[PDB]
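Peer 1: Everything below, folded, please.
(chains A, B and C, ligands or ions: 2)
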Amino acid sequence: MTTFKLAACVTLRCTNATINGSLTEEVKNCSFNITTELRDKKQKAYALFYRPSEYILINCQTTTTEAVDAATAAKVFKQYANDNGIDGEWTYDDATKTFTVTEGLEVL
Amino acid sequence: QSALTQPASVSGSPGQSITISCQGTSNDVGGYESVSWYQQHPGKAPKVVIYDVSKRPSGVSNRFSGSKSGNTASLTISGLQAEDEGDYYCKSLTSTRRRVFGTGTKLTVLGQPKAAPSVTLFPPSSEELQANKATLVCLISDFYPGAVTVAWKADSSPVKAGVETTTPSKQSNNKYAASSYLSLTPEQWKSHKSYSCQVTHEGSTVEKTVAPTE
Amino acid sequence: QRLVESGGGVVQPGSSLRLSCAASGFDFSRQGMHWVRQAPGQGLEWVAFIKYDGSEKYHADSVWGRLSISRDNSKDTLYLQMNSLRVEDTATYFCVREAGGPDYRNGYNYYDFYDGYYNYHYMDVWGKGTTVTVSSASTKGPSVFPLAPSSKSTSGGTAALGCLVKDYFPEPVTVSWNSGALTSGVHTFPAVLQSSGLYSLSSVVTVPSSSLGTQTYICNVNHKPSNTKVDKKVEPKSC
Ligand SMILES: *[C@@H]1O[C@H](CO)[C@@H](O[C@@H]2O[C@H](CO)[C@@H](O[C@@H]3O[C@H](CO[C@H]4O[C@H](CO[C@H]5O[C@H](CO)[C@@H](O)[C@H](O)[C@@H]5O)[C@@H](O)[C@H](O[C@H]5O[C@H](CO)[C@@H](O)[C@H](O)[C@@H]5O)[C@@H]4O)[C@@H](O)[C@H](O[C@H]4O[C@H](CO)[C@@H](O)[C@H](O)[C@@H]4O)[C@@H]3O)[C@H](O)[C@H]2NC(C)=O)[C@H](O)[C@H]1NC(C)=O
Ligand SMILES: *[C@@H]1O[C@H](CO)[C@@H](O[C@@H]2O[C@H](CO)[C@@H](O[C@@H]3O[C@H](CO[C@H]4O[C@H](CO)[C@@H](O)[C@H](O[C@H]5O[C@H](CO)[C@@H](O)[C@H](O)[C@@H]5O)[C@@H]4O)[C@@H](O)[C@H](O[C@H]4O[C@H](CO)[C@@H](O)[C@H](O)[C@@H]4O)[C@@H]3O)[C@H](O)[C@H]2NC(C)=O)[C@H](O)[C@H]1NC(C)=O
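Peer 2: Numbering: from 1, shown residues only, chains lettered A, B, ... in the order given. Ligands and ions are numbered 1, 2, ... in the order given. And now the structure:
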């Protein structure tokens, strides 16, 4: 069989965080939208980004699967995405056998 | 955020189309599509007749509409009916996420002939002065529609302090009356040559004056 | 959707008060809330707004430091804490719901943190309101002063005269003329609350100019709270 890969990405918009007393450019507070019900609703969520014009993070998780052909892997990854509440624009690169699904790219 | 500017009074006959403006700045009225309008009748809470500048909540007839140009928003009512009479306030979101109300407009649906106010200004009584107090009393009567603007002056200068004014209410003959008071110390009262009560109604101003040496 | 305010009354300037609003008939924890106040005979004034989860609050500059908004979502209750009150905070205080809902994009309804509503920027539910009166006065009877007719009160053959009813608490007072024998021309005005925390009003009557030398005019003032009854004669003053 062949190894296929999936990158599931969500986009986050960052601004200055608030740490103890006040704002900081050191640390970034980053909000994004997580699907709470497939096809119906999402809700706001956040994360912190610390690194020792807009500011955007893309949080990606990747996984692989063995399959005979791209069509089989597409079915598998589609179902995996739905099950895990991942929805967005899909692409496929045949050269690298890699699918991507990205959520909220309109931000970038 | 300073209160949004509205005319104090607008009126029309039944069937008329009237418009009420609301003027903000670029950080509230001009900065967002978030202007809303509220109708309030005596002894009741306000109710929204328009929101997001042009939109009608369910239950509000299409006689109500709204629009915005620059920093000014307008509420329009067509086919004016008696039940539309009341107070209307605009409101706007601001850039700081606060909200701000306009100063309010009394809408009168004309039920009788317009009438200019008769103004009487009473000086402090000698009895009151002997109690070490002084109150000027400006009584305003027999006018219509039911909104006036009162301004006090000492000599030529305006006086904002010590002033209280009642909202106009119906007399027995169905026209309106209102009163305004200026509270002073006897010493303050004697410190000017004259005091004036200026009453504006339907754009026309009436002025009455008293002097302490009379 | 219903909002019921309570906690109102008369309070001392400089003291504190806590207003409550019990919400019912809607999901309280997903919606923002306001306080709005209106002084008698005056316009609406926005006081404060608080997000569905209580994580953010905004107050008008005129009330900042004195009035502060909070909420308890487990009780479906909104609060306004009032400190160091001024006579100028006298008003009816309304509990008000901010209309809100999801934001629609790309086939999805988007909600704020914890599935809260985004604000639609208008108020769709009001309570009836609770009244707060700030005054240092205890029960106090009115002083009565004549507003004397003169040629300056006179015109068109008629003359205006009245009496000024000053510095009383609480409301109301009642005013008649010549023990009720005089009615036509009579208007008694609503009361104003002065910065001193005491009420005053006026009563006026218009009478024939020619009768001033003969007819006697007397305003009878009654204030029940203090058991006060005053009969004040109003006489023409001469120049
Ligand atoms: C995750 O999901 C959320 C939810 O959708 C999403 O949040 C949006 O993010 C974008 C991008 O930053 C925001 O878009 C900006 O919005 C600016 C205007 O916002 C004000 O006006 C909005 C519209 O008002 C009218 O329409 C509504 C709806 O019918 C109505 O309620 C209003 O009354 C009015 O009629 C309004 O929705 C919005 O309200 C939010 O903020 C207020 C406070 O002001 C708050 O009270 C609300 O609860 C709500 O949070 C707000 O009032 C706009 O100016 C801005 O434009 C910039 O970009 C363009 C480029 O295209 C330039 O042209 C321009 O110069 C500016 O640079 C921009 O479009 C959007 O407001 C958010 N939506 C909401 C509801 O908050 C997140 O982005 C998602 N996050 C990620 C990482 O994906
Ligand atoms: C990055 O960006 C994010 C998003 O904006 C920030 O996350 C938010 O930060 C603020 C400030 O710290 C939070 O607001 C505060 O909330 C606390 C209560 O928080 C929690 O713990 C409480 C005690 O156990 C609990 O009651 C709360 O429960 C609520 O929320 C649940 C949902 O989980 C809801 O169901 C309940 O109904 C409650 O609403 C909650 O779990 C609160 O105590 C703080 O009050 C302070 O300020 C108010 C005025 O604002 C004042 O009146 C109080 O006296 C007190 O001073 C304040 O409201 C907010 O909760 C965070 N939002 C999320 C989604 O987490 C984050 O802080 C930013 N980080 C950085 C580094 O910048």
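Peer 1: Any idea what residue C:176 is bridged to?
Peer 2: Here residue C:176 shows beta-bridge partners residue C:220, assigned using DSSP bridges.
Peer 1: Let me know how buried it is, in neighbour terms.
Peer 2: By the criterion of other CB atoms under 10 Å in any protein chain shown, residue C:176 has 18 neighbours. In this view, the C-beta of every residue, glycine as well, is placed from N, C-alpha and C.
Peer 1: For it, which residues are in contact?
Peer 2: Under the criterion of CB atoms under 8 Å, 6 or more residues apart in numbering or on different chains, the contact list for residue C:176 reads C:182, C:219, C:220.
Peer 1: excluding its backbone neighbours, what's nearest the second one?
Peer 2: Pointing back at residue C:219 there. Nearest non-adjacent residue to residue C:219, counting by CB to CB, 6 or more residues apart in numbering or on different chains: residue C:163, 4.0 Å away.
Peer 1: Residue A:47 touches residue A:12, doesn't it?
Peer 2: Yes. In this structure, residue A:47 is within contact of residue A:12 by CB atoms under 8 Å, at 6.4 Å.
Peer 1: and for those two, which residues touch both?
Peer 2: Counting by CB under 8 Å, 6+ apart, the residues touching both residue A:47 and residue A:12 are A:30, A:32, A:57, A:59.
Peer 1: can those residues go into CSV with extra columns for neighbour count, distance to chain C and secondary structure?
Peer 2: Below are the shared contacts of residue A:47 and residue A:12 laid out as CSV (neighbours: other CB atoms under 10 Å in any protein chain shown; distance: CB to the nearest CB, whole Å; DSSP: H, G, I helix; E, B strand; the rest coil):
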residue, neighbour count, distance to chain C, secondary structure
A:30, 20, 13, strand
A:32, 21, 11, strand
A:57, 15, 18, strand
A:59, 14, 17, strand
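Peer 1: Out of those residues, which is nearest to residue B:89?
Peer 2: For the shared contacts of residue A:47 and residue A:12, the minimum distance to residue B:89 (CB to CB) is 38.6 Å, reached by residue A:32.
Peer 1: Report the beta-bridge partners for that closest one.
Peer 2: Here residue A:32, judged by DSSP bridges, has bridge partners residue A:45.
Peer 1: show me what contacts it?
Peer 2: Per CB under 8 Å, 6+ apart, neighbours of residue A:32: A:10, A:11, A:12, A:13, A:44, A:45, A:46, A:47, A:59, A:103, A:104.
Peer 1: beta partners for the third one?
Peer 2: Translated: residue A:12. residue A:57.
Peer 1: That one contacts residue A:30, doesn't it?
Peer 2: Yes. Using CB under 8 Å, residue A:12 is in contact with residue A:30, at 4.0 Å.
Peer 1: quick revisit: of the contacts of residue A:32, keep whichever come out buried.
Peer 2: Those of those that meet the buried threshold are A:10, A:11, A:12, A:13, A:44, A:103, A:104, by 16 or more other CB atoms under 10 Å in any protein chain shown.
Peer 1: Closest one of these to residue C:69?
Peer 2: Scanning the buried ones among the contacts of residue A:32 for proximity to residue C:69, where the rule is CB to CB, the winner is residue A:44, at 22.3 Å.
Peer 1: so who does the closest one touch?
Peer 2: Neighbouring residues of residue A:44 by CB under 8 Å, 6+ apart: A:31, A:32, A:33, C:110, C:111, C:112, C:113.
Peer 1: Nearest residue to the first one in space, please, no chain neighbours.
Peer 2: Distances taken as CB to CB, 6+ apart put residue A:46 closest to residue A:31, at 4.8 Å, once the chain neighbours are dropped.
Peer 1: which residue ranges form the strands in chain A?
Peer 2: A:2-18, A:23-37, A:41-50, A:56-67, A:89-93, A:98-103 (DSSP state E).
Peer 1: Mind listing residues that contact stretch B:11-31?
Peer 2: In this structure, residues lying in contact with stretch B:11-31 by CB under 8 Å, 6+ apart are B:1, B:4-7, B:10, B:35, B:37, B:68, B:70-82, B:88, B:90, B:92-95, B:100, B:102, B:105, B:107-110, B:145.
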